[PDB]
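Read off the chains here:
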Amino acid sequence: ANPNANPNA
Amino acid sequence: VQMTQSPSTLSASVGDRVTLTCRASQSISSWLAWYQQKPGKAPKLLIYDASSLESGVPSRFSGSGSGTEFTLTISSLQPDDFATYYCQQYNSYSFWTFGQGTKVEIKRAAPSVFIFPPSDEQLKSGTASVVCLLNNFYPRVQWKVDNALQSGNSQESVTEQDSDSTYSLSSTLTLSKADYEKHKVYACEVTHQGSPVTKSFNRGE
Amino acid sequence: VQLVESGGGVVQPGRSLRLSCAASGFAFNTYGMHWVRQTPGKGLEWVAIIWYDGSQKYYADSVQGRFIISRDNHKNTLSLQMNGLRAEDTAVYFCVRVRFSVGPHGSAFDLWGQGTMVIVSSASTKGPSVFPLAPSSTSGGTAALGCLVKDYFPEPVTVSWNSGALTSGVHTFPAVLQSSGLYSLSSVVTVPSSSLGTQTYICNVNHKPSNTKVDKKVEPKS
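Listed as the method for this PDB entry is X-ray crystallography; the listed resolution is 2.00 Å.

The PDB entry annotates chain C as Heavy chain of Fab 7088 of Homo sapiens.

Chain B is annotated in the PDB entry as Light Chain of Fab 7088 of Homo sapiens.

Written as structure tokens, this is what we have:
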């Protein structure tokens, strides 16, 4: 999803 | 990904069933969220993943859809549901983009439209402001100056319903005095639906 | 559980401004975080994202190369450095947390700050000019009149009618920031058409910043 990939721990 | 919300505003009464639609310019699977926003406050998340209800959000709110077509339904509107509702996509490789919102507002007085020429007082200052006033009624407003369609020189604003429920919308066309003296017919046209009304005046009359 | 933004205010075009957001009540270092902005006349516009550990950042094209997003997971702060500010960056700026999720994809925005306003204007303080929006003789069950309150800075002005005596039918619009960097708004009222010769109408505009009060009598034309 690149920028939209999971940005969390 | 452009998000389209139609209509931009919608009258309803407490108790009505309300359905809001959101179209996405490409498939976004289910990566769609709905927010509610009231004046002066931050948006609040209602629905995520197009149909999952956020924690603590009441059950009259529900969402459906996949692909390019989504809806938010309020089964029976309550008094604290008058607000602006935004949809937003968070699809893979698509960053984040919002619809322009659907403002759900409380029904009703009589619709009216007025147009005000610049005052001679402001004319002294070398600027002319032409004001078109809309009451209890909402478009989507086009300005015509001797049938010449105007762009980029008009600004719009709207008031908020408060304790009754009357509201107004204003369009202000801003011109130099020189340009104002160079024309005769000034018209404000606003279209609701199948319908347009055009208030005008002749300069110097 | 909250996000509280700070640092907004009036900034000249070309200049720079740093916003900060203090997060509390949650495990901040485990969350991706965003900046989202809102003008009154456009809706919501996404600005930037930063990964939980600072290791990835992405920007909107309209701000790419001018804005920098960063985070301090020790003090639990998000920041936005905004360089080369333009008039069109005028907006409320919201600090925004992503809804937590597992698996490969991000999620919706589940927690928002109250927002901090940044006004990009090269203007100095200046009281308004008030111009009549004169009634005539007319359609809609009523007549209409108003005051045009133009070219002031900063916010706010307050508008009353007949020194507060006339309240019903009164609609005062939000201010709009013109391209000139100055604000303007209108206050209108719908009145019975027969009273045009009898009840005199006066709008009162008080502009606290410039210590200016304007009273304008609005009467019809001929």
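## Quick word on the overall build of chain C
Looking only at helices and strands, chain C features 0 helices and 19 strands. Over its C-alpha trace chain C gives a radius of gyration of 23 Å, far above what one expects of a compact globule, namely 17 Å for 222 residues. Principal-axis analysis of the C-alpha atoms gives chain C an extent of 70 × 35 × 30 Å. Evaluated residue by residue, chain C yields a buried proportion of 50% over its 222 residues. Only carbon and sulfur atoms are counted for the fraction: they give 49% of the accessible area of chain C, which is about 9,700 Å². Averaging the coordinates of the 18 positive side-chain charges in chain C and doing the same for the 12 negative ones gives two points 4 Å apart.

## Focus on the nonpolar core
One finds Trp35(C) and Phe109(C) to be the most contacted residues of the largest nonpolar core, which totals 50 residues. Setting aside residues no more than four positions away along its own chain, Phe109(C) makes contact with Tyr35(B), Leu45(B), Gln88(B), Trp96(B), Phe98(B), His34(C), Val36(C), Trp46(C), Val96(C), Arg97(C), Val98(C) and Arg99(C). Counting 24 residues, the second-largest nonpolar core is a separate cluster that includes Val18(B), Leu46(B), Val57(B) and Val104(B).

## Focus: the interface of chain C and chain B
Each side of the interface is counted separately: chain C has 44 residues, and chain B has 46 residues. Of the roughly 3,600 Å² buried where chain C meets chain B, counting both sides, 65% is carbon and sulfur surface. In this assembly, chain C and chain B are joined by 2 salt bridges. Residue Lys221(C) is joined to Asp120(B) by a salt bridge in which the shortest nitrogen-to-oxygen separation is 3.3 Å. Between chain C and chain B we count 8 residue pairs in polar contact in total. Among the secondary structure elements, those contributing two or more residues to the side of chain C that touches chain B are β4 (33–38), β5 (44–50), β10 (109–112), β12 (129–133), β13 (143–152), β15 (170–172), β16 (176–177) and β17 (183–191) of chain C. A total of 5 residues in the side of chain C that touches chain B trace back to one element, the largest contributor, which is β13(C). Here the side of chain C that touches chain B is composed, by residue class, of 22 nonpolar, 15 polar and 7 charged.

## Some words on the state of the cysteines
All names here are of chain C. Across all of its chains, the model carries 4 disulfides over all chains by this definition. The disulfide partner of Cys-21 is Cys-95, and the S-S distance across this bridge is 2.1 Å. Residues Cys-21 and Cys-95 are joined by a disulfide whose S-S torsion is about -70 degrees; by sign, that bridge is left-handed. Of this pair, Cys-21 sits in strand β3 (residues 17–24) while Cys-95 sits in strand β9 (residues 91–98), and the two are 74 residues apart along the sequence. Note that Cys-147 is cross-linked by a disulfide to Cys-203, the S-S spacing being 2.0 Å. Between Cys-147 and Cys-203, the disulfide has an S-S torsion of -90 degrees and is therefore left-handed. One end of the pair, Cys-147, is in strand β13; the other, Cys-203, is in strand β18 (residues 201–207), with 56 residues separating them in the sequence. By the burial criterion, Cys-147 is buried, and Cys-203 matches it. By sequence-ordered numbering of the bonded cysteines, chain C has its disulfides arranged as 1-2, 3-4. Looking at chain B, its bonded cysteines, counted consecutively from the start of the sequence, adopt the pairing 1-2, 3-4.

## Some remarks on the environment of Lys103(B)
Residues and elements named next belong to chain B. For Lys-103, the position within the fold is in strand β11 (residues 102–106). Along the sequence, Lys-103 and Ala-83 sit 20 residues apart, while their C-alpha atoms lie 5.7 Å from each other. Once you skip the residues sitting within four places of it in the chain, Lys-103 turns out to touch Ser-8, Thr-9, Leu-10, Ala-83, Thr-84, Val-158, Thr-159 and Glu-160. Within the structure, the side chain of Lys-103 is placed 2.9 Å from the side chain of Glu-160, a separation counted as a polar contact.

## Details of the interface of chain B and chain A
Taken together, the contact pairs 7 residues of chain B with 4 residues of chain A. Interface area, chain B with chain A, both sides summed: about 430 Å², of which 57% is carbon and sulfur. Per-residue buried area on chain B facing chain A is highest for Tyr93(B), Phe95(B) and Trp96(B); these three make up 77% of the total on that side. Inspection of the region where chain B meets chain A yields 0 salt bridges. The interface formed by chain B and chain A holds 5 residue pairs in polar contact in total. Residue composition of the side of chain B that touches chain A, by class: 4 nonpolar, 3 polar and no charged.

## Some details on the sheet that holds strand β1 (residues 2–6) of chain C
Residue and element names in this part refer to chain C. Strand order in the open sheet made by the 4 strands is β1-β3-β8-β7, with antiparallel pairing throughout. What marks the edges here is a single partner per strand, and that holds for β1 and β7 (67–72). On average, each strand axis in the sheet is inclined to that of its neighbour by 15 degrees, with strand direction left out of account. Pairing geometry for β1 and β3, over 5 bridges, is antiparallel.

## Here we look at the domain arrangement of chain B
Residues and elements named next belong to chain B. The domains assigned to chain B are domain 1 (3–106) and domain 2 (112–202). On the side of domain 2, 9 residues touch domain 1, which itself brings 8 residues to the contact. Between domain 1 and domain 2, roughly 630 Å² of surface is buried when both sides are summed, and carbon and sulfur atoms account for 40% of that area. Taken as a group, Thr-9, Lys-103 and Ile-106 account for 53% of the area that domain 1 buries against domain 2, more than any other trio of residues on that side. Run the count over domain 1 and domain 2 and you get 1 salt bridge. Residue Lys-103 is joined to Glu-160 by a salt bridge in which the shortest nitrogen-to-oxygen separation is 2.9 Å. Connecting domain 1 to domain 2 are 3 residue pairs in polar contact.

Definitions and cut-offs
- Residues numbered from 1 in each chain as written, not as in the entry; some residues may be left out.
- Chains lettered and ligands numbered in written order.
- Heavy atoms only, no water.
- Helix = DSSP H or I, 4+ residues; strand = E, 2+ residues; numbered from the N terminus.
- Rg over C-alpha atoms; globule rule 2.2 N^0.38 Å.
- Buried < 20%, exposed > 50% of the residue type's maximum accessible area, 1.4 Å probe, protein only.
- Areas by Shrake-Rupley, 256 points an atom, 1.4 Å probe, with all protein chains shown as cover.
- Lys, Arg positive; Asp, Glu negative; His and termini not counted.
- Charge placed at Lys NZ, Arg CZ, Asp CG, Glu CD.
- Core = buried A, V, L, I, M, F, W, Y, C linked by side-chain atoms within 4.5 Å.
- Contact = heavy atoms within 4.5 Å.
- Buried area = accessible area lost by both parts, 1.4 Å probe.
- Salt bridge = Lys/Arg side-chain N within 4 Å of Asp/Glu carboxyl O.
- Polar contact = N/O pair within 3.5 Å; in protein donor to acceptor, adjacent residues only side chain to side chain.
- Nonpolar A, V, L, I, M, F, W, Y, C, P; charged D, E, K, R; others polar.
- Disulfide = S-S within 2.5 Å.
- Pairing = 2+ DSSP bridges.
- Axes fitted to C-alpha atoms, helices over the stretch in contact; angles between N-to-C directions.
- Domains from an automatic or database assignment.

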